[PDB]
Amino acid sequence: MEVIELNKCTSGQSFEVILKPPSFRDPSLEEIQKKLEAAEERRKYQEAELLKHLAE
Amino acid sequence: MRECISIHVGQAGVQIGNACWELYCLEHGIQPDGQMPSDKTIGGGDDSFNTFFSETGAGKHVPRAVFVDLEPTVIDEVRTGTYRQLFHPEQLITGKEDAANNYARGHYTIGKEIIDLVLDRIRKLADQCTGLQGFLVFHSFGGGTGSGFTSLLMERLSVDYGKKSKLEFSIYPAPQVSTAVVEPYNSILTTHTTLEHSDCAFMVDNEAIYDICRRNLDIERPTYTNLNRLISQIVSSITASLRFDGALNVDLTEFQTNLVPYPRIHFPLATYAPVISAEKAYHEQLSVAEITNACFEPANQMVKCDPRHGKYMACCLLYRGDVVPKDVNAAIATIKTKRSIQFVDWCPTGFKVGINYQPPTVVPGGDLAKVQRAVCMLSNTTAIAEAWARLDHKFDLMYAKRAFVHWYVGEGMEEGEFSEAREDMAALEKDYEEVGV
Amino acid sequence: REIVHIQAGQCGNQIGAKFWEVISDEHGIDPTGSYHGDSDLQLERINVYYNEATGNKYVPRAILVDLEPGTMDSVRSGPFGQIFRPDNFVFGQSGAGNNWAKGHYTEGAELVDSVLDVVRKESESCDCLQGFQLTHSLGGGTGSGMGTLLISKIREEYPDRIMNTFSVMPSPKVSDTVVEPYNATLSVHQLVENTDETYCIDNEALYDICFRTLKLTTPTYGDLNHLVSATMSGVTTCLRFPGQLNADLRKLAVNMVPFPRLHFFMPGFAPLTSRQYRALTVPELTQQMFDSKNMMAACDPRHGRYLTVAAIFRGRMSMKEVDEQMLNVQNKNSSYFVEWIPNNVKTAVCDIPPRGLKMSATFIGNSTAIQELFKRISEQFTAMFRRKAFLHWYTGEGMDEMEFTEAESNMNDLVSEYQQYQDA
Amino acid sequence: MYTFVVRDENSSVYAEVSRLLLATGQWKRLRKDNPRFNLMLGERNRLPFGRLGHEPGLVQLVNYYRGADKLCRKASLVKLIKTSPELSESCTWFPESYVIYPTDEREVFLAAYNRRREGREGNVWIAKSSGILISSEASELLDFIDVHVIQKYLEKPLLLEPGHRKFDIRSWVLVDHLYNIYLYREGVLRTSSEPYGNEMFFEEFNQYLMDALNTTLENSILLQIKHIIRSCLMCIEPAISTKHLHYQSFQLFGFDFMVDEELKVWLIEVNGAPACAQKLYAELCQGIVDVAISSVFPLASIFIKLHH
Ligand SMILES: Nc1nc2c(ncn2[C@@H]2O[C@H](COP(=O)(O)OP(=O)(O)OP(=O)(O)O)[C@@H](O)[C@H]2O)c(=O)[nH]1
Ligand SMILES: Nc1ncnc2c1ncn2[C@@H]1O[C@H](COP(=O)(O)OP(=O)(O)CP(=O)(O)O)[C@@H](O)[C@H]1O
Ligand SMILES: Nc1nc2c(ncn2[C@@H]2O[C@H](COP(=O)(O)OP(=O)(O)O)[C@@H](O)[C@H]2O)c(=O)[nH]1
Ligand SMILES: [Ca+2]
Ligand SMILES: [Ca+2]
Ligand SMILES: [Mg+2]
Ligand SMILES: [Mg+2]
Ligand SMILES: [Mg+2]
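Residues numbered from 1 in each chain as written, not as in the entry; some residues may be left out. Chains lettered and ligands numbered in written order. Part of a larger assembly, values for the part shown. Heavy atoms only, no water.

- What the deposited record gives as its method is X-ray crystallography, and the resolution it gives is 2.5000 Å.

- As annotated in the PDB entry, chain D carries the name Tubulin-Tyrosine Ligase and comes from Gallus gallus.
- For this structure, the PDB entry title reads "Tubulin-maytansinoid-4a-complex".

- Naming follows the PDB entry, where chain A appears as Stathmin-4 of Rattus norvegicus.

### A look at the pattern of salt bridges
For side chains bearing opposite charge, pairing can occur when the charged atoms are close.
Here is step 1: On inspection of all chains with the given rule, the structure shows 68 salt bridges over all chains.
Here is step 2: When the shortest N-O distance is used, the salt bridge between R156 of chain B and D116 of chain B registers 3.2 Å. Within this pair, whereas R156 of chain B is found in helix α5 (residues 144-160), its partner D116 of chain B is found in helix α4 (residues 111-127), the two being separated by 40 residues in sequence.
Here is step 3: Accessibility expressed as a relative area gives 46% for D116 of chain B, which makes it partly exposed.
Here is step 4: With its nearest N and O atoms 2.5 Å apart, the salt bridge here joins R308 of chain B to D306 of chain B.
Here is step 5: The buried category is assigned to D306 of chain B, whose relative accessible area is 3%.
Here is step 6: Within the structure, one salt-bridge network assembled from shared partners comprises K173, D202, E204, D208, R212 and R376 of chain C. (Salt bridge = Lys/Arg side-chain N within 4 Å of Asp/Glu carboxyl O. Helix = DSSP H or I, 4+ residues; strand = E, 2+ residues; numbered from the N terminus. Buried < 20%, exposed > 50% of the residue type's maximum accessible area, 1.4 Å probe, protein only.)

### Here we look at the coordination of the calcium ion (ligand 4)
All names here are of chain B.
Here is step 1: In the first shell of the calcium ion (ligand 4), the protein supplies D39 (OD), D39 (OD), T41 (O), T41 (OG1), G44 (O), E55 (OE) and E55 (OE), at 2.3 to 2.7 Å from the metal.
Here is step 2: Summarised as a motif, the one-chain spacing of the donors to the calcium ion (ligand 4) is D-x1-T-x2-G-x10-E.
Here is step 3: Judged by its relative accessible area of 5%, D39 is buried.
Here is step 4: Classification of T41 by relative accessible area gives partly exposed; the value is 42%. (Donors = N, O, S within 2.8 Å, 3.2 Å for Na, K, Ca; no water.)

### Comments concerning the packing of helix α1 (residues 12-23) of chain D against helix α9 (residues 281-293) of chain D
All names here are of chain D.
Here is step 1: At a minimum axis distance of 9 Å, the contact between α1 and α9 shows a crossing angle of 65 degrees. Taken together, the axes of α1 and α9 are roughly perpendicular relative to one another. Pair α1 / α9 crosses with right-handed handedness. Residues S12, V13, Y14, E16, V17, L20 and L21 of α1 lie in contact with α9, whose contacting residues are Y281, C285, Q286, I288, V289 and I293.
Here is step 2: Considering only residue class, the contact of α1 with α9 consists of 10 nonpolar, 2 polar and 1 charged. (Axes fitted to C-alpha atoms, helices over the stretch in contact; angles between N-to-C directions. Parallel < 35°, antiparallel > 145°, perpendicular 65-115°, else oblique. Left-handed = near helix turned anticlockwise from the far one by under 90°. Contact = heavy atoms within 4.5 Å. Nonpolar A, V, L, I, M, F, W, Y, C, P; charged D, E, K, R; others polar.)

### Notes on the domain arrangement of chain D
All names here are of chain D.
Here is step 1: Taken domain by domain, chain D holds domain 1 (2-62) and domain 2 (68-72 + 158-306).
Here is step 2: Facing the 21 residues of domain 1 at the interface are 23 residues of domain 2.
Here is step 3: Each partner contributes to the roughly 2000 Å² buried at the junction of domain 1 and domain 2, and carbon and sulfur atoms together form 73% of this total.
Here is step 4: One can count 6 residue pairs in polar contact joining domain 1 with domain 2.
Here is step 5: At the level of secondary structure, the elements contributing two or more residues to the side of domain 1 that touches domain 2 comprise α1 and β4 (61-62).
Here is step 6: Here the element with the most residues in the side of domain 1 that touches domain 2 is α1; it accounts for 7 residues. (Domains from an automatic or database assignment. Buried area = accessible area lost by both parts, 1.4 Å probe. Polar contact = N/O pair within 3.5 Å; in protein donor to acceptor, adjacent residues only side chain to side chain.)

### Points about the site of ligand 2
Residues and elements named next belong to chain D.
Here is step 1: Taken together, 15 residues lie near ligand 2, and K152, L154, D256, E269 and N271 sit nearest.
Here is step 2: Between ligand 2 and the protein, one listed contact pairs a nitrogen atom with a backbone N or O atom of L154 at 2.9 Å.
Here is step 3: For the shell around ligand 2, the secondary structure elements donating two or more residues are β6 (125-128), β8 (148-152), β9 (166-175), β13 (251-259) and β14 (265-271). (Near = heavy atom within 4 Å.)

### Details of helix α12 (residues 385-399) of chain B
Residue and element names in this part refer to chain B.
Here is step 1: Given a rise of 1.5 Å per residue, 15 residues ought to cover 21 Å, and the 21 Å separating the end C-alpha atoms of α12 matches this to within 8%.
Here is step 2: Of the positions making up α12, those classed as buried are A385, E386, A387, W388, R390, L391, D392, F395, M398 and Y399.
Here is step 3: Structurally, α12 contributes buried residues whose contacts are with β7 (165-172), α6 (183-194), β8 (200-205), α7 (206-217), α13 (405-409) and α14 (415-436). (Expected span 1.5 Å × (residues − 1).)

### Notes on the interface of chain B and chain C
A common way to state how big an interface is: give the accessible area lost once the parts meet.
Here is step 1: Across the boundary between the two partners, chain B contributes 26 residues, which contact 27 residues of chain C.
Here is step 2: Three residues, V181, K401 and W407 of chain B, lead the burial of chain B against chain C; their summed loss comes to 24% of the area buried on that side.
Here is step 3: A salt bridge links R1 of chain C to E97 of chain B; the shortest N-O distance between them is 3.2 Å.
Here is step 4: Summed over the shared surface of chain B and chain C, the result is 12 residue pairs in polar contact.
Here is step 5: No other element matches α12 of chain B, which puts 3 residues into the side of chain B that touches chain C.

### Here's the deal with the site of ligand 1
Here is step 1: Inspection of the region around ligand 1 gives 25 residues, with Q15, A99, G144, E183 and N228 of chain B positioned closest.
Here is step 2: Chain contributions to the surroundings of ligand 1 come from chains B and C.
Here is step 3: Note that an oxygen atom of ligand 1 is positioned 2.8 Å from one of the side-chain N or O atoms of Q15 of chain B.
Here is step 4: Within the backbone of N101 of chain B, an N or O atom sits 2.9 Å from an oxygen atom of ligand 1.
Here is step 5: Burial of ligand 1 by the protein chains amounts to 98% of its free accessible area of 640 Å².
Here is step 6: Put simply, the parts of the chain that give the shell around ligand 1 at least two residues each are α1 (10-28), α5 and α8 (224-243) of chain B.
Here is step 7: The greatest single-element share of the shell around ligand 1, amounting to 4 residues, is contributed by α1 of chain B.
Here is step 8: Grouping the constituent residues of the shell around ligand 1 by class yields 7 nonpolar, 14 polar and 4 charged. (Areas by Shrake-Rupley, 256 points an atom, 1.4 Å probe, with all protein chains shown as cover.)

Written as structure tokens, this is what we have:
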């Protein structure tokens, strides 16, 4: 094996033991605010159709 | 010292958060009233524990956390709990009616009403940081808030904190404690929308935690309190490197560097040992080799799966207690010759080890017994994809008949998002496939 | 999370009245509205069904509706009659004559606006209104005709609220008039469109349970309503006490209704032999709970498949044995549960048992065998409508034969829709 | 009342097992896609091991060992023998083999080929994959490939008399959830009637060895067979054992052996889904239920346990 990058301190210590070497954009606020309002529109439309059905 | 802000969403996230901060105070020696006698620098701090706690002129150490829930009942218990004096009112955000286990209701309908408030409250803690590293987001997959509202928050956070890192602690749904039939829907919906916004996510399957409590703790019918106290231990050892002096996983960026070579494959498997029942009259304290060997037993993993039939991309060993590097390498040597541990060709076969001398802390009067040494392994193994296949199969069974889909469309969602999310999970399973074979 | 209760017509009020007598006893509320219990679990979710008035008294959030004063006078003078809010007694004088048209179009129209005013006064006081629950029959005129009218208008004013009903189905065994199939078919169409959750309570099943099981030679409506009280108390346990499974009306609908039109449930109760000294074992509750003999809908569960199931155990018992007994039922008869809805059986446990029992179990089933109930009503309906018999009672109130053809057609669609998922 | 599913309709063996199970009155067969099952007779390819062992209150058992293909695919079997130190180049019961990809040990395969080319020794090889070609010139067999495997061809096989025939031995081995290795007491020899239903069982073959070679099947052959079976299964045990796993596995294997004129046993290949002999279907399929099924799901020897 191989132990490397051994760092010690009062709290403890760390290291890395190697056994074998290797064989060898996020959407904008506008686009988010757009989809959130698109979903609210589809709700309002579905609700309007119900209130239209009840009016009949 | 760079600060870390914790965000707890939904019942699971809030209750798990309450268990973790209780454990943090016990470990750091912070009393329920926010006082910390061992802290000599009053009102100001550049220490490792200050990455999770701020300080007031009066000497209170306030968690850098924000609780959010679309229902007040769960967060009300924190407002009147043992650590009420710990948090200030601005940190606890609650609505009136929850998401009713509906992803669309928590993401679109109700989420849109409170998203700006939460971000503003988060900005309150961000402005009080000198060098914010990022966020730790606790939530469930099945809950309507934990799944729906978390994906919306993860989106906005990437817009307001594009440079910061974001880590997840996600509760994978298990029917033995499940509360809704559509939890597979919510799990896949929230994973699709959050995948590109999470740098490193630690999944915890309630099934695994449930069985661990039954076998190793002798609890006939474990409760959320039993599960969370055990989950907090795993979370504590994972975040211990951020709260104490050390050299491994010193900042959130290091988690992605050590465990996530591929962005999409950012779901490391966590194994913990030993889990000893405090009821046992006497138990023989396990050695370094015994607890290290237990890290390769599936019965101790946070997600039941067989790493033998997969390949590793990175492994980290986190020891808490009486452990010296010499004993670790000796245990690793014997384990290599008696276990199947295959790494990917382009990755070196090795272990990043970290040792903190303070033994693990257990809630007085809890279920876990105090041990002299414990370990938590964080292995990025393709075997964890078994959990994705399970979810995706249940998803396919229900979606083929469109069962329960109307509840989501009625909240503003479109069936197209169902297929998109499923296709994304289908791609995720293939990524594990090729990397794993 | 307040719930607004409405009871309409003779049956709706007699059953609704008994319901408030059962839960008032469980929550430790006397006929005066004064709490006299010994456990905080009785008051933790007391606000779901009771308003806290001045003097620390508890007023049921119930609206008593009827086109005749008769039955409501009995309630006002009954055991718990004093506890009901006087203003909430909205009634007419003419009646409905067991005529769906009179309750839905003519007589009921005059009185409906008066009821909505009381409903509005109750809703405006609610901190977070879950929705409404309606108790009524479908064979009469007021509860069936006017009840469905109220639901349609309640939904118009509260479209984002849950609509829940306990609906008594007519049966020739316990029949008042021959036009009951007409009124039921007309009402079912309304329920299929304007409710989220409907507990199908079949008077035929109630009668058979009283006769065959309870060994009651001459069952009365009082004996039938005893079963309805026990069932109504059970199905609402998860709503009236602390818990996490189906704790409110919406989360219940999300777990129980995979398709919007298929929201008619089969209720079951155990131990059925109620109205006795030896309590049952957890295995016994589970067995009887799923036994068709304890079903209130008069449908053979083995003639269909379970889309979703909601179990509720009450009393101090081994939750472990409950979990393994529920898993035993599913794994022992997995063919009767659709395999395209994984884990469609959810189980809840409540510490407080019902009155007189140390242990009980309530069953709520969304089975495709419920079609047997609708197919039965449809056959009786067509038997008369095919000869236009007794239609004059309805055409005289402005209705046209076309509206009957549509209702008949809508219910046959409901039957065919239930038959679709019983084979998938 | 235990439940089980059938996801491999082409399984002649487990078609009999599922028949005996039902005939016991304590096993109910479910729909092949029903999750609430105790035992799965899984399909032969792409068995969803990842979905097993996640049903509360269900002890789930499957008739396959995940990862056993490493021993049943000829290409991977060679890699297992040449790579695993437990076997390595010390095992003298496996023919010299090489893996060659059709455009890889092609360069090393020719190295030993020239060794026999230089010498006057026999240089006859065989090329097969998971259509065969036996050739003495390495060129004739390589052109045939274009993944296959090329191994030494037993030029001096044991011949049955009279007839001057060639044969091979098939042994059925059962591994239960505890990893007990049970060798079926009955075997079959598949013979070639042409000089170098064609089934010679052990009873007859044993008498021939006594009357012809003055030995017994046990001493001259069966010892080496039990050694090869034990060695192969004990090597991959850490990789496939379901001792502490959320689901249990068992599996019936089919080992094919070759015997040379020196009474030496050679391993040809291992079959993960073998078919039994018509005469032995009943006895063996009953043993599967006794040892592999009823052991985990009790109800209201024909095997030889190989210790380890
Ligand atoms: N480990 C653990 N899991 C929990 C806990 N609370 C809830 N869960 C899991 O979370 C899932 C349900 O999601 P919840 O968090 O309860 O729902 P929510 O986030 O409050 O969102 P809503 O649907 O609006 O109520 C279930 O599968 C539970 O198993 C907890 O305290 N600990
Ligand atoms: N190295 C070798 N030396 C001599 N003969 C060999 C040999 N490899 C194979 N053979 C001959 O080839 C025949 C078929 O070999 P093999 O067992 O690979 O076929 P197979 O896998 O298609 C059928 P099964 O499913 O029963 O294993 C055997 O009967 C054997 O006699
Ligand atoms: N279970 C039960 N059913 C009833 C009761 N009273 C009437 N019914 C049934 O309801 C139908 C009559 O409707 P009813 O409610 O009396 O007429 P309404 O006053 O116009 O609502 C018949 O089919 C009866 O069987 C009762 O007290 N209990
Ligand atoms: Ca300080
Ligand atoms: Ca980012
Ligand atoms: Mg919630
Ligand atoms: Mg009447
Ligand atoms: Mg073969």
